[PDB]
Amino acid sequence: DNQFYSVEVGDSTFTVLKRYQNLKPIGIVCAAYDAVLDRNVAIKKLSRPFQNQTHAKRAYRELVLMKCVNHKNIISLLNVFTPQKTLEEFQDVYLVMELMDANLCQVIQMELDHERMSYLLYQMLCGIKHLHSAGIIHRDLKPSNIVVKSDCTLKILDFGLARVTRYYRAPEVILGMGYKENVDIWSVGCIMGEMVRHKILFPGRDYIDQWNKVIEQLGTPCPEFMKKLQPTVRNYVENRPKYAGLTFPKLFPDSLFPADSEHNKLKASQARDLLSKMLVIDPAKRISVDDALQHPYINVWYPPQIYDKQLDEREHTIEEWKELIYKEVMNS
Ligand SMILES: COc1cc(NC(=O)c2cccc(-n3ncc4cc(Nc5ccccc5F)ccc43)c2)cc(OC)c1OC
């Protein structure tokens with residue numbers, strides 16, 4: 001009541017505890033100063049996350065995982081609150097975490113630096129490894145939901161898909177082929193390659209021109225792969241102009257890298273090598289997390305909890321989702 005005040009942020013209103021002051025905008029996220037803690041924080045507003053059964057299962061899963069998956073490269077919450085006083089009146093959820101400096105999208109725009117790039121990839125792989133260890137296969141990693149401080153410490157912000165822009169999604173996901181752990185490796189590869197090219201690797205104009213930009217560059221998969229494709233998806237892909245692709249030196253030429261020293265030549269070779277092992281259409285030929293972590297480009301950088309599967313299985317009425325979420329917000 002008198003514990004809260006409201007402030008316009010973009011097109012919306014943030015109603016937050018009075019400890020959170022001087023909200024500035026950075027879906028809906030602001031930077032604030034926490035007066036009690038004497039620290040800067042980031043505050044995210046989930047507005048009516050029970051909009052439907054889909055907004056709801058995600059919001060609930062996300063909220064539960066943020067308080068049970070604990071790892072330095074994974075989001076951890078400082079606080080969770082709602083300004084509403086009762087289940088009946090309940091509408092908004094506010095999540096509060098440490099304020100970081102930038103997300104990977106900005107980092108990608110910086111000139112290429114091997115030490116920094118291999119450092120960011122190391123941490124990303126470590127986060128993912130721990131996620132896999134905690135029973136989470138993500139499938140939806142993207143530069144916009146990965147954040148960093150200026151000392152280049154990194155955090156993944158969300159927990160991915162249940163169970164138009166798909167630039168970072170693995171081929172087995174785009175074609176509905178079912179998946180394993182190394183599905184997240186493709187996304188890391190997309191991100192690595194973007195840090196080198198300073199441009200999105202596979203900028204499809206539609207969720208089907210996306211497939212085109214992948215094969216144009218990497219080549220048509222071997223036929224063995226197209227078998228795992230459903231009858232209707234297999235038809236499209238199989239009966240389609242074959243592409244040879246480019247070799248990895250040509251996808252990522254010398255000119256994109258530091259040079260003029262053998263160390264810089266060594267580093268460009270290692271990076272392309274790693275790239276060629278992650279950007280592999282066929283998941284059965286794609287490198288694993290453990291292997292990527294042992295890779296020369298990466299390895300120079302040196303327990304989880306029992307996953308509740310009902311977290312994904314159980315579907316609910318909108319009314320019950322609301323009550324599950326509310327209950328989670330109230331157990332600070
Ligand atoms: C002027 O405002 C300041 C902004 C800055 N850093 C920026 O601008 C910046 C850029 C990109 C990303 C982030 N950043 N940090 C945390 C963060 C969290 C989310 N999402 C989210 C939040 C809570 C719970 C779950 C969530 F998924 C989204 C973006 C985020 C900040 C630094 C500052 O100083 C350290 C600022 O001055 C106070």
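What you see below is based on every heavy atom in this structure, not just the backbone, and it leaves out hydrogens, waters and symmetry mates. Both ligands and their constituent atoms are indexed starting at 1 by order of listing. Sequence positions, counted from 1, serve as the residue numbers for this chain.
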Problem set entry | Check: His138 side chain, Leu141 main-chain N or O, donor-acceptor pair, under 3.5 Å | yes
For this session: Using the six-membered ring wherever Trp is involved, compare the ring planes of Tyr297 and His114 and label them parallel, tilted or perpendicular (cut-offs 30° and 60°).
Result: perpendicular
For this session: Decide, yes or no, whether a salt bridge links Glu89 with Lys85 under the criterion of side-chain N to carboxylate O below 4.0 Å.
Result: no
For this session: If a pair satisfies ring-ring contact (aromatic ring centres under 6.0 Å, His included) and one of its residues is in residues 91-110, list it, with sequence neighbours excluded.
Result: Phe14-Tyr94, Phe81-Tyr94
Identify all pairs of nitrogen or oxygen atoms, one from ligand 1 and one from the protein, separated by less than 3.5 Å, and list them with distances.
residue  : atom   : partner : partner atom : Å
ligand 1 : 6 (N)  : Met100  : O            : 2.8
ligand 1 : 6 (N)  : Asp101  : O            : 3.1
ligand 1 : 15 (N) : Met100  : N            : 3.1

Seminar exercise, completed: On a heavy-atom basis, the closest approach of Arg163 and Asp312 is O-OD2, 3.8 Å
Exercise. Under 4.0 Å between a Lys/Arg side-chain N and an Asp/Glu carboxylate O for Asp290 and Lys129?
Worked result: yes
